[PDB]
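Chains as they are written, first to last, in full-length UniProt numbering: chain E, 1750 to 1797, 1805 to 1882, 1888 to 1956, 1963 to 2178, 2187 to 2270, 2296 to 2317, 2319 to 2341; chain A, 1748 to 1790, 1802 to 1878, 1888 to 1956, 1960 to 2150, 2154 to 2179, 2187 to 2316, 2321 to 2341; chain F, 2099 to 2152, 2155 to 2160; chain W, 1788, 1793 to 1800, 1803 to 1805, 1807 to 1849. Note that beta-carbon positions come from the ideal geometry of N, C-alpha and C, so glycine has one too.
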Amino acid sequence: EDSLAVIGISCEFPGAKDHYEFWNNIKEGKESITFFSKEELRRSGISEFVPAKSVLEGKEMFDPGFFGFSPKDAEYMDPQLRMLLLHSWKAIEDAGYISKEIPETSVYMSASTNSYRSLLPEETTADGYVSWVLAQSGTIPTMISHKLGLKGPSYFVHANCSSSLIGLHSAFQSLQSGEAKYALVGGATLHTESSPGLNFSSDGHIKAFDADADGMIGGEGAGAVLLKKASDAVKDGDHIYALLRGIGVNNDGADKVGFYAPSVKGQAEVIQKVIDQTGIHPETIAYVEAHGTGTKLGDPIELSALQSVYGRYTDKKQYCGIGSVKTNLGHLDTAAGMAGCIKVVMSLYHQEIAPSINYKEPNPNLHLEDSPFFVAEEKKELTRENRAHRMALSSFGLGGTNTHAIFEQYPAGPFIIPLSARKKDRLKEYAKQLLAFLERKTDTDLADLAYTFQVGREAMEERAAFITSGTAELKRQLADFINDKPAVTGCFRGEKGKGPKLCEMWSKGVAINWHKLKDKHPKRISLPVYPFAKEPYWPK
Amino acid sequence: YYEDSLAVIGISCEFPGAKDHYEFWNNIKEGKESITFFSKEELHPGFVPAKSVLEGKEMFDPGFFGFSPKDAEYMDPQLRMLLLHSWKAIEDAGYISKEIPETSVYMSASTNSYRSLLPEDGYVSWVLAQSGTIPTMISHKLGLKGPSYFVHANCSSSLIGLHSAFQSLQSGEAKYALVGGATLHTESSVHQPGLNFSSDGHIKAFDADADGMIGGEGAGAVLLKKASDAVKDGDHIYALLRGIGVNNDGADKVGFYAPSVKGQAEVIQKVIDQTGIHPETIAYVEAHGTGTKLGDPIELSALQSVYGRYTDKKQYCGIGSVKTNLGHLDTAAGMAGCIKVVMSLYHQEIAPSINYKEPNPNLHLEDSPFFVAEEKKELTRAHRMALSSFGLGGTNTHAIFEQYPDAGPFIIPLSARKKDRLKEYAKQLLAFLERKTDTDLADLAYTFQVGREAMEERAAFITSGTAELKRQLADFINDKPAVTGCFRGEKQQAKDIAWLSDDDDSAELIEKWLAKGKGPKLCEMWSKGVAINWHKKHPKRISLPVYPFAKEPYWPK
Amino acid sequence: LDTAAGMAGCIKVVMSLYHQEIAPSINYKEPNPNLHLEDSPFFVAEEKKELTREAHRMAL
Amino acid sequence: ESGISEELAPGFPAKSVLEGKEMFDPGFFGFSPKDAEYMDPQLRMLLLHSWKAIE
């Protein structure tokens, strides 16, 4: 364990509002592209066009009051900044931590240049200079660091397409270097678009690994993950979805014909680099998440390169699944690496391989038969024999910057739940979601849930604290709480001495529910995160 | 002891689904089938199944052998293939062809009317490519001075070669023997039942549902030596060949297309009398495995009859066909069966015979000494296996094989005709090194120093250890390394070499080189010319990767 | 074919065995649940079945 | 075979069952049918078994 651990996740992708919904979507083969009828009245009047988009809803949503921001400020802010801000808070919550208590944390972000400032009216001599500062790349990671109070190195990284992996790679060196304890990597692409050709798809589908593959289609998303050193994650009893063993980074050389040309030899070198670096053996790999552009030229190249490296270490077979999430989501540009990363951290987490859609018959160019790979067609669950499955992820930039990564599979009677929020509806919306969560996931241990809310959620202005002996009691106290004022149970609301009902005077006092929970502490657990308000901001 | 028969000390082959003898074994052991099928979207299905094909039958390396490109085209593919395989098999042995002139050559091939593909003229180019030309072209290119000729019976071609080699070596008329077989077709695509031919395109071996067989393409060659001449020499031995017999059916009803029980019977008996090897000592028999309702019963009837006349009385013997995996080899059938059996003995495993579900009622298999093998068993006195091949002619052959059971700095000289060949040579050497966790570089180095010709383009490596090598190799392949470990070079210093040629002076100094064991400087000198690398209790020869021919395609149009 | 019913059934069966195939029964969309084939040894022959040797029988 | 396909429908998806827990031979013991309906099944079962065991 000289690699990292993914201990928190937050994401929004087309048709998914979190990583749990995202995973169920790809698992059952659903595609998140959209089609329009003549119900295409975004604007109009033509033919010869594919009315297909991979939009993600609610890109304009934000909760400005949380970070003490003004509505003018939000309008001035890039949606991407806003999004990545929301997601980072959330990813750390997912981890079971309070932002400000883990300060020794680095921040690495990337986002597209959408020319958001361009839609604003004025930029005249003195104000207006504020819009420009807010429009710079450095502002995004740095704003998150200030708002979450993180004192590790914070900066912005970009290499088109492959940029999210550039974040992981940065985080990796940093975490290995011992300069930071935690690392935060996020990626976003949200566009400013209202107001077939060159490997654009004909039919609006990314047909990956298929004979009929033609081009790609674009998408929007944002996501962030929280990383910690693996050795420390076990020791600290953190909750680990997966392990990141290694990640290679390299740029295609002037070899290729043209700037937008992909290069076999360049890709081959990164895959090689990671194997050398990790010491992982290619037989060890159950699944690979390819770049999967769905282009006639590219897919052959991608596979040729993989087969060629793997050919080096061990003899031909057909044991390895290969697929691409882009089929479901489209090409997410900057956050492409991010989506792949999650899809795969999730597949390892649930020990399943997820199907690659829009596929019927393979590409004869592929020589799939002699390759070690078979295109994932349907979900197949991985075995129980070996407790350390591995998966690989590829991302290759437009620039000629290629990235490859490998992941590994990782194997009382009275509780108090403190719930807080900035506002009372929030605190109320908070209640529906925990309630809703509890319904679905049942064999869910309250001991950890209590521990994880006592810690790893900040104690905010408005509060409810609950005393319970069971979930079933809990829903009911919660179920009745949602409806405005029952007053029925052990529930306290408001806006050293060990052992008792501290809630009322944690309603608002303090309590470091740290001494409560003697020698052995419960796990942190992945539970619903703060419910941000959904308010729209966009220029007019 | 009876170490009067031969040792097989080299193998080379290309078969459907297998591009060498090692891949071949893993496919058969795992039960992999190498027939190929085409879905109906490729360019009339009354009864149309698919084929079993050998990739890269067209490909060849003319430049290696000083051949014109136009010549290759005028050359039967089988002849080209048998050439490359014969070269490989000797490298597989760990020998230089030039250094072992006393080698007989026996080859066999399907005459595929290749010439009729060409356009032509009483005036310019004969182009009379005959059967005799194949073995003789090989003997000339490898410089072999043993009797070299072509042998053919129809399905029993390879076994005739082994028989020839057997008589030749025992007779002492040669030190080594090289036997090959090959059938490549020139009709390009797929058959119909009715008087033999699988209904479904599968070869049912001893199964109830057997309806016929499907044709196949392959070529392979082996290098043989007398058993004693192998152990004493310290050669690397896969297996031992105890005996091989031949005879013909005679007249019998079924003037010509059938499987005569009495004839197959006669040879199996004959070999046994010759080898006087008990039958209970046979774990496995690699049968003719035609896959026809009429034939398979005949084989077993005859096989059993011979066993019946012996303390037998127990179903103890495995019976199979590799024809199930590969199809029927026009003139490589024997070779394929041969390699499977040598390979089964080498690794001490029996290989499943696939496409089998239920016992043919006719076999009467339960009284028999045989059980059909549906699985990947293991094994663990030395083991013995028998092999059969029965010709279309009525020339039958049977054979028995026996098992052959058990530093500091290193120098590897790498060579090729060209730089690209040499880089690719490295990849294969490197790919191989990954494949095994411990092997021996004492042995790997030795085999490369000796038993590989030192060609024009050279790379020599001086290494301390196994992973120490993998790393240097990786750099050479990427090709712009300054990093040492290796000396590059090219046979071109006639002004330093022929000029400074050990003129029976390479002495006390070149000797210093050995009588001391100072490596590198030696690598430098070898990087252009001339070093008998023979100065090491020396290590044993080992089966390592062999020359990777360029694969350039030639074919008439 | 009242009189010739047996005859047709007979030839179809004699024929199915000759070629080792099972001929499909047509006009079948879904089974009448009044048969309870679930526990029936039988399954209706929706499409055909080329067969493989292993001496075969068929009742009429 | 309710529209609660949820936790398990753990709440418990499968049961371990004794066929004929209700069945009885009341007349054997001079019992009115009305009377059996009042007696516990466990008692009835233990009654039959106690007879059976001694036999």
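- prompt: So the alpha helix (DSSP H) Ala1932 of chain E belongs to, where does it begin and stop?
  reply: Counted from its first residue, the first sequence places residue 1932 of chain E at position 171. Note, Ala1932 of chain E: alpha helix (DSSP H), 1924-1938.
query: Between the stretch 2198-2211 of chain A and chain E, which residues of the former have CB atoms less than 9 Å from a CB of the latter, in chain order?
result: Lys2207, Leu2210, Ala2211
- prompt: Which residue's Cα is closest to the Cα of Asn2132 of chain A: A:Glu1831, A:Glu2069, A:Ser1924?
  reply: By one-based count along the second sequence, residue 2132 of chain A stands at place 362. The shortest C-alpha separation from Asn2132 of chain A is found at A:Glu2069.
query: If you drop the 5 nearest sequence neighbours on each side, which residues of the same chain put their C-beta closer than 8 Å to that of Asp2255 of chain E?
result: In the first sequence, counting from the first residue as 1, residue 2255 of chain E sits at position 480. Here the set comprises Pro2261, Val2263, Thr2264.
field: Interface residues of the stretch 2065-2082 of chain E facing chain A [CB-CB below 7 Å]
entry: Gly2078, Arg2079, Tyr2080, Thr2081, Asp2082
query: Name the DSSP beta bridge partners of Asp1977 of chain A, please?
result: Counted from its first residue, the second sequence places residue 1977 of chain A at position 207. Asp1977 of chain A pairs with A:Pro2129.
- request: Starting from the beta carbon of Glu1798 of chain W, find every residue of chain E whose beta carbon is closer than 9 Å, and list them in chain order.
  value: Residue numbering aside, residue 1798 of chain W sits at position 7 when the fourth sequence is read from its first letter. Ordered by position in chain E, the residues that pass the 9 Å Cβ test against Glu1798 of chain W are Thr2217, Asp2218.
- prompt: How about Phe2141 of chain A and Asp1819 of chain A: are their beta carbons less than 7 Å apart?
  reply: For the purposes of this step, residue 2141 of chain A is taken as residue 371 along the second sequence, with counting starting at 1. For the purposes of this step, residue 1819 of chain A is taken as residue 61 along the second sequence, with counting starting at 1. The answer is no: Cβ separation not under 7 Å.
query: In whole angstroms, what separates the C-alpha of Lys1809 of chain W from that of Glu1797 of chain W?
result: Numbered from its first residue, the fourth sequence carries residue 1809 of chain W at position 15. Numbered from its first residue, the fourth sequence carries residue 1797 of chain W at position 6. Near 16 Å, if we compare the C-alpha coordinates of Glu1797 of chain W and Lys1809 of chain W.
task: Would you kindly check if the distance between the Cβ of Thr2150 of chain F and the Cβ of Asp2137 of chain A is under 7 Å?
output: As a first step, residue 2137 of chain A must be located in the second sequence, where it is residue number 367. As a first step, residue 2150 of chain F must be located in the third sequence, where it is residue number 52. Taking 7 Å as the Cβ cut-off, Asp2137 of chain A and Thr2150 of chain F do not qualify as a contacting pair.
task: Compute the Euclidean distance between the alpha carbons of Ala2211 of chain E and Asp2200 of chain E, then round it to the nearest angstrom.
output: Taking the first sequence and counting its residues from 1, the one referred to as residue 2211 of chain E is at position 436. Taking the first sequence and counting its residues from 1, the one referred to as residue 2200 of chain E is at position 425. Cα to Cα, the separation comes out at about 16 Å.
CB contact below 7 Å: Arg2151 of chain F versus chain A: Residue numbering aside, residue 2151 of chain F sits at position 53 when the third sequence is read from its first letter. Answer yes: the Cβ-Cβ gap between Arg2151 of chain F and chain A drops below 7 Å somewhere.
- prompt: Just checking, does the stretch 1967-1979 of chain E make contact with the stretch 1850-1868 of chain E on the three C-beta pairs under 8 Å criterion?
  reply: no
query: Can you name, in chain order, every residue of its own chain whose Cβ lies under 8 Å from the Cβ of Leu2064 of chain A, other than the five neighbours on each side?
result: Mapped onto the second sequence, residue 2064 of chain A falls at position 294. Contacts found: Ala2028, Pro2029.
- prompt: What do you get for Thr2062 of chain E, buried or exposed, if any count of 16 or more other CB atoms within 10 angstroms of its CB means buried?
  reply: Here residue 2062 of chain E refers to the residue found at position 295 of the first sequence. By the 10 Å Cβ count, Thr2062 of chain E comes out buried.
message: Beta carbons nearer than 7 Å to chain F: which residues of the stretch 2114-2130 of chain A have them?
response: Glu2128
Rounded straight-line distance, which links the Cα of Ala2155 of chain A to that of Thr2081 of chain A: As a working note, residue 2081 of chain A is residue 311 in the second sequence. As a working note, residue 2155 of chain A is residue 382 in the second sequence. C-alpha separation (whole angstroms): 19 Å.
query: In three-state terms, what does DSSP make of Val2230 of chain A?
result: Within the second sequence, residue 2230 of chain A is the residue found at index 450, counting from 1. Looking at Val2230 of chain A - three-state DSSP - the assignment turns out to be coil, as it is neither helix nor strand.
query: Can you give the beta carbon distance from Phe1771 of chain A to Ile2124 of chain A, rounded, assuming they're within the 8 Å contact cut?
result: The residue you call residue 1771 of chain A lines up with position 24 of the second sequence. The residue you call residue 2124 of chain A lines up with position 354 of the second sequence. No, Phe1771 of chain A and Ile2124 of chain A are not in contact; Cβ-Cβ is about 14 Å, not under 8 Å.
message: Quick check on DSSP: helix, strand or coil for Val2041 of chain E?
response: For the purposes of this step, residue 2041 of chain E is taken as the residue at position 274 of the first sequence. Helix at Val2041 of chain E.
field: Distance between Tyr2086 of chain E and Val1811 of chain E (C-alpha atoms, nearest Å)
entry: Taking the first residue of the first sequence as position 1, residue 1811 of chain E is located at position 55. Taking the first residue of the first sequence as position 1, residue 2086 of chain E is located at position 319. Taking the straight line joining both Cα atoms gives about 35 Å.
task: Spatial neighbours of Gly2013 of chain E within its chain, please: CB distance less than 6 Å, with the 5 preceding and 5 following residues excluded, ordered by chain position.
output: Working through the first sequence from its first residue, we reach residue 2013 of chain E at position 246. Hits under 6 Å: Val2041, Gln2044, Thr2045, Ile2173.
message: Among A:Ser1915, A:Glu2336, A:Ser1925, A:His1768, whose alpha-carbon lies nearest the alpha-carbon of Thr2170 of chain A?
response: Start at 1 with the first residue of the second sequence, and residue 2170 of chain A comes out as number 397. Minimum Cα distance to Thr2170 of chain A is reached at A:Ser1925.
query: Mind checking if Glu1813 of chain A is an interface residue toward chain E, Cβ cutoff 7 Å exclusive?
result: If you number the second sequence from 1, residue 1813 of chain A lands on position 55. No - not a single Cβ of chain E is within 7 Å of the one on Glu1813 of chain A.
Reference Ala2234 of chain E, options E:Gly2245, E:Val2310, E:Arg1791, E:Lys2321, closest by Cα: Numbered from its first residue, the first sequence carries residue 2234 of chain E at position 459. For the residues E:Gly2245, E:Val2310, E:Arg1791, E:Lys2321, the minimum Cα distance to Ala2234 of chain E belongs to E:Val2310.
query: Which residue comes first and which comes last in the beta strand (DSSP E) that contains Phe2256 of chain E?
result: Start at 1 with the first residue of the first sequence, and residue 2256 of chain E comes out as number 481. Unbroken run through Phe2256 of chain E is the alpha helix (DSSP H), 2246-2257; no beta strand (DSSP E).
task: Check each candidate in A:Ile2047, A:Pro2329, A:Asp2223 and name the one with the smallest Cα separation from residue 2183 of chain A.
output: Position 2179 is followed directly by 2187 in chain A, which means residue 2183 of chain A is not present among the coordinates.
- request: Quick one: residues in its chain with C-beta nearer than 6 Å to the C-beta of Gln2118 of chain F, no 5 flanking neighbours on either side, listed in chain order?
  value: Counting from one through the third sequence, the residue named residue 2118 of chain F turns up at place 20. Closer than 6 Å at Cβ, skipping near neighbours: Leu2149.
query: Does any residue of chain F bring its CB to less than 7 Å from the CB of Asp1979 of chain A?
result: For the purposes of this step, residue 1979 of chain A is identified with residue 209 of the second sequence, where counting begins at 1. Closer than 7 Å: yes.
- prompt: Apart from the five residues on each side of it in sequence, which residues of its chain come closer than 8 Å, Cβ to Cβ, to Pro1914 of chain E?
  reply: Sequence index remark: in the first sequence, residue 1914 of chain E carries index 153 (1-based). So the list reads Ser1862, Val1863, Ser1935, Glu1940, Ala1941, once near-sequence residues are dropped.
message: Just list the residues that DSSP pairs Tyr2205 of chain E with in beta bridges.
response: By one-based count along the first sequence, residue 2205 of chain E stands at place 430. According to DSSP, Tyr2205 of chain E bridges with nothing at all.
query: What is the rounded straight-line gap between the Cα of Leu1909 of chain A and the Cα of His1919 of chain E?
result: Residue numbering aside, residue 1909 of chain A sits at position 142 when the second sequence is read from its first letter. Residue numbering aside, residue 1919 of chain E sits at position 158 when the first sequence is read from its first letter. Using only the alpha carbons, I get a separation of about 60 Å.
task: For the stretch 1974-2034 of chain E, list the alpha helix (DSSP H) runs that are entirely contained and at least 4 residues long, ordered along the chain.
output: 1997-2002
field: From E:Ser1844, E:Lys2093, E:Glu2036, residue whose alpha carbon lies closest to that of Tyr2077 of chain E
entry: Stepping through the first sequence from its first residue, residue 2077 of chain E is reached at position 310. Among E:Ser1844, E:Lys2093, E:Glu2036, the Cα nearest to that of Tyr2077 of chain E belongs to E:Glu2036.
- request: Could you please give the first and the last residue of the uninterrupted alpha helix (DSSP H) stretch that includes residue 1962 of chain E?
  value: For residue 1962 of chain E, nothing is modelled; it lies in the interval where chain E passes from 1956 to 1963 with no residues in between.
Proximity to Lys1846 of chain E [Cα-Cα], best of E:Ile2089, E:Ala2053, E:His1768, E:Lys2324: Stepping through the first sequence from its first residue, residue 1846 of chain E is reached at position 90. The shortest C-alpha separation from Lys1846 of chain E is found at E:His1768.
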